[PDB]
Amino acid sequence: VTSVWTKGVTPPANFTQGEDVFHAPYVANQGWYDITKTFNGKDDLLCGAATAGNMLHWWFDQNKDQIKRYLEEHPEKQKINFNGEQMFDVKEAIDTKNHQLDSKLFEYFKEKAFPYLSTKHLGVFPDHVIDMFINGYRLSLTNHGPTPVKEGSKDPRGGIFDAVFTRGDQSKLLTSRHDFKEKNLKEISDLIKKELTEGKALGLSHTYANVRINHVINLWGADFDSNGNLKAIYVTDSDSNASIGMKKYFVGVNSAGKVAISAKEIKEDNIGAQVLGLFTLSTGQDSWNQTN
């Protein structure tokens, strides 16, 4: 079963069959991240921002040098203040990126950016958060589609790298979104293998047992069978106990004809959770030069 991993990520080698799932406990600097929720009332339903946070940690690694030279050029983009008080320091985020429970980035998302979302039982999408953070695109909670590549004022909460990744320059948009709205195993399998192959960071949405019935997780690697169809995916989930880490999910067509994922084999007794869509993040490594 050929497999494909995210650019710059080392496949874990400490997988173990657990009580309920086959997993690999988190290990820092391995290339992947597992921002874990503390369900402190502010992040309870922010799996979106957590996935977005994990994609950004990977992004930090991939652009370590460029980001340094960037903060050298534009010192004021390093910190974000709100009428006298500091709301975020991107350098703190970078120093703590490896932390599952108290990274500075997720703390920023749950405490200052999207606080009142988890006490209101509706959340945020991965690509919207990243587009805001990097480019500065204003994030609307009433917008239910792709980020409009239009020009405009920067979101006070982000646009840290908007000197380079501007708003309106479509070639400076690093994210994407894809709906699995009734497509098949093959179509979904090809799209995932593709984005991985093109060197992007991936996020995956699926049905839950909650109100919305929607959840978001990071997809780090995939195993395909002889016909190119997906067999499994390795993921991190911010809902998972911090001791779990990287999980292995089974991928198959359920009894209702839905492509679904589950910690256990997909059978009649196990229909799993249907997958809904996909979000991507590209490094944007060839868009840093401003003298172009």
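Numbering starts at 1 and runs along the sequence shown.
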Stretch with higher mean Cα temperature factor, 272-280 vs 18-26, is 18-26
114-122 versus 84-92: which one carries the higher mean Cα B factor per the record?
114-122
Going by the entry, which of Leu105, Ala201, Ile134, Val149 has the most elevated CA B factor?
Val149
Could you say which of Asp155, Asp127, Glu195, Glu73 has its CA atom at the highest B factor, as listed in the PDB entry?
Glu73
Based on the deposited C-alpha B factors for this chain, I'd like to know if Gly53 is in the lowest, middle or highest third.
lowest
In terms of the chain's CA B-factor thirds, is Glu265 lowest, middle or highest?
highest
Temperature factor at the Cα of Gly252, chain-ranked in thirds, falls in the middle
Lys97 by Cα B-factor - lowest, middle or highest third of the modelled chain
lowest
Lowest, middle or highest third of the chain for the C-alpha temperature factor of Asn218?
lowest
